[PDB]
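K.L.:
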Amino acid sequence: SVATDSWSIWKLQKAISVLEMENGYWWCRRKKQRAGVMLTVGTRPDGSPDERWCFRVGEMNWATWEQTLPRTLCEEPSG
Amino acid sequence: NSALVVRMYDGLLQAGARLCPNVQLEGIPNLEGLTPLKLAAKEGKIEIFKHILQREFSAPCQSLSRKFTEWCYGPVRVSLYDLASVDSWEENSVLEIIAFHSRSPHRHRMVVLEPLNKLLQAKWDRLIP
Amino acid sequence: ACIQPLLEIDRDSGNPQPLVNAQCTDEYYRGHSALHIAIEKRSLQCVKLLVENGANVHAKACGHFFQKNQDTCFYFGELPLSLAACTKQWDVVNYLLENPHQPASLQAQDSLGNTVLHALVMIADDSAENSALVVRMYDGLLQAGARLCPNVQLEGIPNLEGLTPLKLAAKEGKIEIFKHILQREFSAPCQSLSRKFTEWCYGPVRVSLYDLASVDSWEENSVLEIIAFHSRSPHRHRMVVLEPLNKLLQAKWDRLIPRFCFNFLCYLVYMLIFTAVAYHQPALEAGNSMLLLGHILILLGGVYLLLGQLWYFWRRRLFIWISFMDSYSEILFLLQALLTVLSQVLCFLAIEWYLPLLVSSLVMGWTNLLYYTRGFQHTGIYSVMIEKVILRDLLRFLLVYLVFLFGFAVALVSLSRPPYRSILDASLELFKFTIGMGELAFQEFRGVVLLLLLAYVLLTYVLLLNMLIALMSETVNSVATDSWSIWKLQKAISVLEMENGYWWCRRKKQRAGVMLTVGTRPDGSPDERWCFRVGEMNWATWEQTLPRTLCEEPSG
Amino acid sequence: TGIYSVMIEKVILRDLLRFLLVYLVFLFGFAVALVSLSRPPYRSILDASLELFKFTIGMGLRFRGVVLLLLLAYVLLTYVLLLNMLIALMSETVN
Ligand SMILES: C=C(C)[C@]12C[C@@H](C)[C@@]34O[C@](Cc5ccccc5)(O[C@@H]1[C@@H]3C=C(COC(=O)Cc1ccc(O)c(OC)c1)C[C@]1(O)C(=O)C(C)=C[C@@H]41)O2
Ligand SMILES: [Ca+2]
Ligand SMILES: [Ca+2]
Numbered sequence: 704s705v706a707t708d709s710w711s712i713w714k715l716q717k718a719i720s721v722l723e724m725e726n727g728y729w730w731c732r733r734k735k736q737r738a739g740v741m742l743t744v745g746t747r748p749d750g751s752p753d754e755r756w757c758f759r760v761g762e763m764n765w766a767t768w769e770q771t772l773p774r775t776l777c778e779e780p781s782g
Numbered sequence: 316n317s318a319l320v321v322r323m324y325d326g327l328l329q330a331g332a333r334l335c336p337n338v339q340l341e342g343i344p345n346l347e348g349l350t351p352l353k354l355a356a357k358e359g360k361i362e363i364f365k366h367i368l369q370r371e372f373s374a375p376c377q378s379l380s381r382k383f384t385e386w387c388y389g390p391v392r393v394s395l396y397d398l399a400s401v402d403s404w405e406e407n408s409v410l411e412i413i414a415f416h417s418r419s420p421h422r423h424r425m426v427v428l429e430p431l432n433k434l435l436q437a438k439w440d441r442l443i444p
Numbered sequence: 187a188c189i190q191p192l193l194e195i196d197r198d199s200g201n202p203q204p205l206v207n208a209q210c211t212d213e214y215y216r217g218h219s220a221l222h223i224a225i226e227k228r229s230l231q232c233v234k235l236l237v238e239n240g241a242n243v244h245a246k247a248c249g250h251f252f253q254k255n256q257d258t259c260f261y262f263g264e265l266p267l268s269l270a271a272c273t274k275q276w277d278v279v280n281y282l283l284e285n286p287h288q289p290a291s292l293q294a295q296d297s298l299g300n301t302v303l304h305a306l307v308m309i310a311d312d313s314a315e316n317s318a319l320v321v322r323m324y325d326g327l328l329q330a331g332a333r334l335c336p337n338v339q340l341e342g343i344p345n346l347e348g349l350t351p352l353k354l355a356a357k358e359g360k361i362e363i364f365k366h367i368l369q370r371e372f373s374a375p376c377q378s379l380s381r382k383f384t385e386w387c388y389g390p391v392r393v394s395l396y397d398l399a400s401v402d403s404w405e406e407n408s409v410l411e412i413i414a415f416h417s418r419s420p421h422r423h424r425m426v427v428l429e430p431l432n433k434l435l436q437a438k439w440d441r442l443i444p445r446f447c448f449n450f451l452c453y454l455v456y457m458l459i460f461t462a463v464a465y466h467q468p469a470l471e482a483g484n485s486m487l488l489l490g491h492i493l494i495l496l497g498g499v500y501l502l503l504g505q506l507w508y509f510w511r512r513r514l515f516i517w518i519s520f521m522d523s524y525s526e527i528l529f530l531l532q533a534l535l536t537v538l539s540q541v542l543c544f545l546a547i548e549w550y551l552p553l554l555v556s557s558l559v560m561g562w563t564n565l566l567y568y569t570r571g572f573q574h575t576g577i578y579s580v581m582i583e584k585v586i587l588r589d590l591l592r593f594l595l596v597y598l599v600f601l602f603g604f605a606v607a608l609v610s611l612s613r641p642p643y644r645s646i647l648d649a650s651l652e653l654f655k656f657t658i659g660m661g662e663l664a665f666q667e671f672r673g674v675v676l677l678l679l680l681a682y683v684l685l686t687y688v689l690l691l692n693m694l695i696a697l698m699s700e701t702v703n704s705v706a707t708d709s710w711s712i713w714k715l716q717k718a719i720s721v722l723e724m725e726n727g728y729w730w731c732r733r734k735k736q737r738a739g740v741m742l743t744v745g746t747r748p749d750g751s752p753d754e755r756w757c758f759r760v761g762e763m764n765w766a767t768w769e770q771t772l773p774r775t776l777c778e779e780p781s782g
Numbered sequence: 575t576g577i578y579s580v581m582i583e584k585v586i587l588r589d590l591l592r593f594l595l596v597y598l599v600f601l602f603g604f605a606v607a608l609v610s611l612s613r641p642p643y644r645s646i647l648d649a650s651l652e653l654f655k656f657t658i659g660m661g669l670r671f672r673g674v675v676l677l678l679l680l681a682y683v684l685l686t687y688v689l690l691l692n693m694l695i696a697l698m699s700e701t702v703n
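Protein chains in written order, with full-length UniProt numbering: chain Z, 704 to 782; chain V, 316 to 444; chain Y, 187 to 471, 482 to 613, 641 to 667, 671 to 782; chain B, 575 to 613, 641 to 661, 669 to 703.
(1) Might you give, ordered along the chain, the residues of its own chain that have their beta carbon closer than 6 angstroms to the beta carbon of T301(Y), omitting 5 neighbours on each side?
(2) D402(V) CB to nearest chain Z CB: under 9 angstroms?
(3) Do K735(Z) and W439(V) have their beta-carbon atoms positioned less than 9 angstroms apart in this structure?
(4) Look at the alpha carbon of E778(Z) and the alpha carbon of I412(V), and state the distance between them as a whole number of angstroms.
(5) Just the Cα atoms here: how many angstroms apart are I646(B) and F460(Y)?
(6) Is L319(Y) near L327(Y), with beta carbons less than 9 angstroms apart?
(7) Just to confirm before moving on: does the CB-CB distance between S704(Z) and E385(V) stay below 9 angstroms?
(8) Our contact map puts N201(Y) next to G240(Y) with C-beta atoms below 8 angstroms; I'd like the distance itself, whole angstroms only.
(9) Could you tell me whether the Cβ atoms of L221(Y) and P266(Y) are closer together than 9 angstroms?
(10) Hey, is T563(Y) close to ligand 1, as in C-beta under 8 angstroms from one of its heavy atoms?
(11) Reducing DSSP to helix, strand and coil, say where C232(Y) ends up.
(12) 9 angstroms is my cut-off, CB to CB: does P780(Z) come that close to chain Y?
(13) Could you tell me if the beta carbon of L690(Y) falls within a distance shorter than 8 angstroms of some heavy atom in ligand 3?
(14) Let me see if you follow: with CB-CB separation under 9 angstroms, is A738(Z) close to chain V or not?
(15) Distance, Cα to Cα, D325(Y) vs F364(Y)?
(16) Quick check: what's the CA-CA separation for residue 479(Y) versus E700(B)?
(17) Pick out the complete alpha helix (DSSP H) segments inside the segment 343-412 of chain Y, 4 residues or longer, and give them in chain order.
(18) What is the rounded straight-line gap between the Cα of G490(Y) and the Cα of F544(Y)?
(19) In three-state terms, what does DSSP make of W549(Y)?
(20) Confirm the yes/no value for this check: CB of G504(Y), any heavy atom of ligand 1, distance under 8 angstroms.
(21) Taking beta-carbon pairs under 8 angstroms, can you tell me which members of the UniProt repeat "ANK" (347-370) of chain V lie near chain Z?
(22) Give the secondary structure of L651(B) by DSSP, where H, G and I count as helix, E and B as strand, and everything else as coil.
(23) Our contact map puts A605(B) next to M581(Y) with C-beta atoms below 8 angstroms; I'd like the distance itself, whole angstroms only.
(24) Short check: CB of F593(B) to CB of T563(Y), under 9 angstroms?
(25) Which term fits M693(Y), buried or exposed, when burial requires 16 or more other beta carbons within 10 angstroms of its beta carbon?
(26) Tell me the DSSP secondary structure of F758(Z) in three-state form.
(27) Confirm the yes/no value for this check: CB of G661(B), any heavy atom of ligand 4, distance under 8 angstroms.
(28) Would you check if the distance between the CB atom of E358(Y) and the CB atom of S317(Y) is smaller than 9 angstroms?
(29) Between the alpha carbons of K254(Y) and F260(Y), how many angstroms are there, rounded?
(30) Does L663(Y) come out as helix, strand or coil in the three-state DSSP assignment?
(31) Quick check: the Cα distance between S219(Y) and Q209(Y), rounded to an integer number of angstroms?
(32) Across which residues does DSSP place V740(Z) in a beta bridge pair?
(33) Counting only beta-carbon separations shorter than 9 angstroms, does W765(Z) have a partner in chain Y?
(34) From the DSSP output, which residues share a beta bridge with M763(Y)?
(35) Relative to the C-alpha of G603(B), which residue among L679(B), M698(B), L691(B) and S579(B) is closest?
(36) Considering only residues of the same chain and omitting the five flanking positions on each side of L292(Y), which have a CB-CB separation below 8 angstroms?
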């Protein structure tokens, strides 16, 4: 057996719990709220602006210097 | 197999942006009402499921990407992950599919993926009380 | 194209406070300057231009974003030079060091008192790509520093925490560079910068010298003292085994075997007196004065142990607070001393509760004797695994087992036998069965009792297998080298405490290294160093080239 | 059968002797603490430690509370040593 599996199987157990908690026992309709923040990622193929509900994940990569820089939304670190 | 699938799949999305811009190909459901991503989730196709969630495209046709970078300073950066088909808020979400609908032995492997694992950690922290 | 015109306008507008040096103001981005931006954008041509128009090459970006403790924040030192260095832009670094108008200074330090070396120690992590970068830049700056400022020893500059780059690497658990610094050799002219030399070399054999400056216990806040007590990294034990330190710590131990055995005898004796005192206790009712003699010693020794442990925690443990995981052995001695002194007070004050406290201190005192097993390797590893198993692993098994025990205990007594249940007597009677002590007693629904019992015995067995499997899985997954290091660090703790001294102080013990004139041509008088000599034997040396040596022969 | 006898010798010497050293210290220390509690016709620390050993085998008011609590910790620690000894064997065989 893969050593990582037991840990992932647990994270899935939590995933089951979290989703059912959001449903609710008898007061079911309360835990209905979107996650993440909605931002304008860019323009679509269809002229309208491409807006999306996004989740923020911080990253640090030390080998990126050689590769090209990605197009970014903001000009400087914010928040 | 996986290397072909991601390479072919992406090449078709780019072509679709040029040949049929108004059409969102990943929005077309099948008779079972599953989009390609939800299908990958239900059928336990990890490698492409992973690739779709964290997709990056440069210069033209930038829009068809599920991962973006808000800002970047030196090594640090903040990445944005599209949650459209992902968020539990929506009906028949990817998470709900994996949690309950999928019948692959490796569902647990699927939960631990960059956008989903962080998201589930966030929701858990909110639900401790 | 607008920057050069734009700045000329600003100057021609009579701005007293030039625009180029304008800096950000919010607590988040405080201090950032246009030069910082040009460096981060990796544009030397822009860097040159900003400097050529009076850009302050020593402006500090001190805001929250540029701080070491924050999450999703980049700490690179605060200065432009540290930025360029920390983002691997030698083309920028060289210009900041070599431009004629305004050379950047290698001595400059930030709000934390950190130089470019300090920062490079901070940004480094154990990933391979990062580590290779840091050493390359770190060394490349030392060579430059030898050229730009010979008289200054850059690694000698401490920060506000009084830590040099090496000590910083030690406290922050930066192995790859810490290891590199200790085993550093230079082949270029600046031979003085290297900390490793070869005294002499004969055939396959040779002796290598390791600089002990920041390492040796003689100086305050030594690397060894820092790692043992100040560092708070999980892989600190990994650092102790590095080539120069392991040999060095073994040397210090070998000289300290007597003191260890002596202290073992003392504690053993103290326990024997403690043993006799508790055995001869008669509860309600020269010789009787001698029994008081015993109690006196116990009180005297218990405070001394309590004082000693307090001194250990008093000396360096004030900012640690809960160091239970780090020093499991140290805690028990304090509790034993604490419990022993408290027991004597009650004994003097005729309190009937002292006896439990007295015996409790006795039993614990003898068990604590396992402390001294660290002298030998085999027993030392066994004692380490005891500590590990008891500490982290037993809590979870027991917590689960009680739930099974309690739940099954209530159900079986409630089922068997107006009927008087004792949760204690119940759980006790069921625990002793598994423990093998006693046997279950029939009340005289027997059928249900048997089925329930079957579930218990098997399920209890399942828990054992999980504990074995979970315990077993840790050993296979754990690196074979890892378990041994934890012991060598325990020894490192002992040697350092012995060098501290008792209450009748035995300080300023003899230095462990030998001082030699490693460098012939420093800028000035010859440079002397306290080095540790380590013998080496290499049978594949014939193909490789011979190293430059201090001596010509093993003699001298 | 001959290799089986080789492993017995190895296990007895390197692993069991080490357990025995730790186990005896625990046995002595806990036996004396239990005797000091008993306190009169005094059972010898030997006679006591014997009584505590046969207790483990299952053969068979400060006094009541401490006596029981101390014993419960004893049974656990003795089992810990066995589990540790078993773990020590597994790590030795792989190497
Ligand atoms: C608070 C702690 C850390 C602690 C105190 C007591 C209860 C302890 O059991 C533990 C856990 C325990 C409690 C109750 C039942 C089983 C286990 O571990 C130690 C503590 C652990 C033991 C077992 O011996 C050891 O700790 C090994 C050891 C001793 C000294 C060392 O310097 C050492 O470092 C390597 C290791 C001795 C006891 O203190 C003891 O003699 C009594 C009566 C119980 C043991 O609790
Ligand atoms: Ca049995
Ligand atoms: Ca067994």
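Even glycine gets a Cβ: it sits at the ideal position worked out from N, Cα and C.
P.N.:
Answer, in terms of the structure:
(1) Position 115 of the third sequence, counting from 1, holds the residue named residue 301(Y). Only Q295 and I343 meet the Cβ criterion.
(2) Here residue 402(V) corresponds to residue number 87 of the second sequence, with the count starting at 1. True, the Cβ-Cβ gap to chain Z drops below 9 angstroms.
(3) Walking along the second sequence from the start, residue 439(V) turns up at place 124. Walking along the first sequence from the start, residue 735(Z) turns up at place 32. With a cutoff of 9 angstroms on beta-carbon distance, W439(V) and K735(Z) are scored as not near each other.
(4) Translated into positions along the first sequence, residue 778(Z) becomes position 75. Translated into positions along the second sequence, residue 412(V) becomes position 97. Straight-line Cα distance between these residues: approximately 38 angstroms.
(5) For the purposes of this step, residue 646(B) is taken as the residue at position 45 of the fourth sequence. For the purposes of this step, residue 460(Y) is taken as the residue at position 274 of the third sequence. Their backbone Cα atoms lie some 14 angstroms apart in a straight line.
(6) For this step, residue 319(Y) is matched to residue 133 along the third sequence. For this step, residue 327(Y) is matched to residue 141 along the third sequence. Taking a C-beta distance under 9 angstroms as the contact criterion, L319(Y) and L327(Y) do not qualify as a contact pair.
(7) Against the first sequence, residue 704(Z) aligns to sequence position 1. Against the second sequence, residue 385(V) aligns to sequence position 70. Going by C-beta atoms, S704(Z) is not nearer than 9 angstroms to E385(V).
(8) Working through the third sequence from its first residue, we reach residue 201(Y) at position 15. Working through the third sequence from its first residue, we reach residue 240(Y) at position 54. Their Cβ separation, rounded to whole angstroms, is 12 angstroms, which puts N201(Y) and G240(Y) out of contact at 8 angstroms.
(9) In the third sequence, the residue the question calls residue 221(Y) occupies position 35. In the third sequence, the residue the question calls residue 266(Y) occupies position 80. Contact flag set, yes.
(10) For the purposes of this step, residue 563(Y) is taken as residue 367 along the third sequence, with counting starting at 1. Proximity of the beta carbon of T563(Y) to ligand 1 is indicated: a heavy atom of the ligand is located closer than 8 angstroms.
(11) Locating residue 232(Y) in the third sequence gives position 46, counting from the first residue. Reduced to three states, the DSSP call for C232(Y) is helix.
(12) If you number the first sequence from 1, residue 780(Z) lands on position 77. Residue contact check for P780(Z) against chain Y: a CB pair falls below 9 angstroms.
(13) Numbered from its first residue, the third sequence carries residue 690(Y) at position 464. In this structure, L690(Y) has its beta carbon less than 8 angstroms from a heavy atom of ligand 3.
(14) Position 35 of the first sequence, counting from 1, holds the residue named residue 738(Z). Answer yes: the Cβ-Cβ gap between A738(Z) and chain V drops below 9 angstroms somewhere.
(15) As a first step, residue 325(Y) must be located in the third sequence, where it is residue number 139. As a first step, residue 364(Y) must be located in the third sequence, where it is residue number 178. Annotation: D325(Y) to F364(Y) spans about 13 angstroms, alpha carbon to alpha carbon.
(16) Not modelled: residue 479(Y), which lies between 471 and 482, the two residues flanking a gap in chain Y.
(17) Qualifying alpha helix (DSSP H) stretches, in chain order: 351-357 and 361-368.
(18) Numbered from its first residue, the third sequence carries residue 490(Y) at position 294. Numbered from its first residue, the third sequence carries residue 544(Y) at position 348. In a straight line, the C-alpha of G490(Y) is about 13 angstroms away from that of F544(Y).
(19) The count along the third sequence starts at 1 and reaches residue 549(Y) at position 353. Here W549(Y) sits in coil by DSSP.
(20) In the third sequence, residue 504(Y) corresponds to position 308, counting from 1. Answer for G504(Y): no, Cβ out of range of ligand 1.
(21) So the list is empty, because no residue satisfies the distance condition.
(22) Counting from one through the fourth sequence, the residue named residue 651(B) turns up at place 50. Reduced to three states, the DSSP call for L651(B) is helix.
(23) Residue 605(B) sits at position 31 when you count from the first residue of the fourth sequence. Residue 581(Y) sits at position 385 when you count from the first residue of the third sequence. Contact flag wrong, Cβ pair sits at about 25 angstroms.
(24) For this step, residue 593(B) is matched to residue 19 along the fourth sequence. For this step, residue 563(Y) is matched to residue 367 along the third sequence. No, they are not a contact pair.
(25) By 1-based counting over the third sequence, the position of residue 693(Y) is 467. By the 10 Å Cβ count, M693(Y) comes out buried.
(26) For this step, residue 758(Z) is matched to residue 55 along the first sequence. Of the three classes helix, strand and coil, the one that applies to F758(Z) here is strand, per DSSP.
(27) Ligand 4 is absent from the structure shown, which contains only ligand 1, ligand 2 and ligand 3.
(28) Position 172 of the third sequence, counted from the first residue, corresponds to residue 358(Y). Position 131 of the third sequence, counted from the first residue, corresponds to residue 317(Y). No, the pair does not count as a contact, with Cβ atoms beyond the cut-off.
(29) Here residue 254(Y) is taken as the residue at index 68 of the third sequence, counted from 1. Here residue 260(Y) is taken as the residue at index 74 of the third sequence, counted from 1. Cα to Cα, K254(Y) sits roughly 7 angstroms from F260(Y).
(30) Indexing the third sequence from 1 puts residue 663(Y) at position 440. In the structure shown, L663(Y) sits in coil (DSSP, three-state: anything other than H, G, I, E or B).
(31) Taking the third sequence and counting its residues from 1, one reaches residue 219(Y) at position 33. Taking the third sequence and counting its residues from 1, one reaches residue 209(Y) at position 23. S219(Y) and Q209(Y) have their C-alpha atoms roughly 5 angstroms apart.
(32) The residue given as residue 740(Z) occupies position 37 in the first sequence. For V740(Z), DSSP records a beta bridge to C757(Z).
(33) One-based indexing of the first sequence puts residue 765(Z) at position 62. Chain Y contact via Cβ: present.
(34) Within the third sequence, the letter at position 537 stands for residue 763(Y). Beta-bridge pairing links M763(Y) to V391(Y).
(35) In the fourth sequence, counting from the first residue as 1, residue 603(B) sits at position 29. It is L679(B) whose Cα lies nearest to the Cα of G603(B).
(36) In the third sequence, residue 292(Y) corresponds to position 106, counting from 1. Hits under 8 angstroms: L267, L283, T301, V302, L327, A330, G331, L334, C335, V338 and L340.
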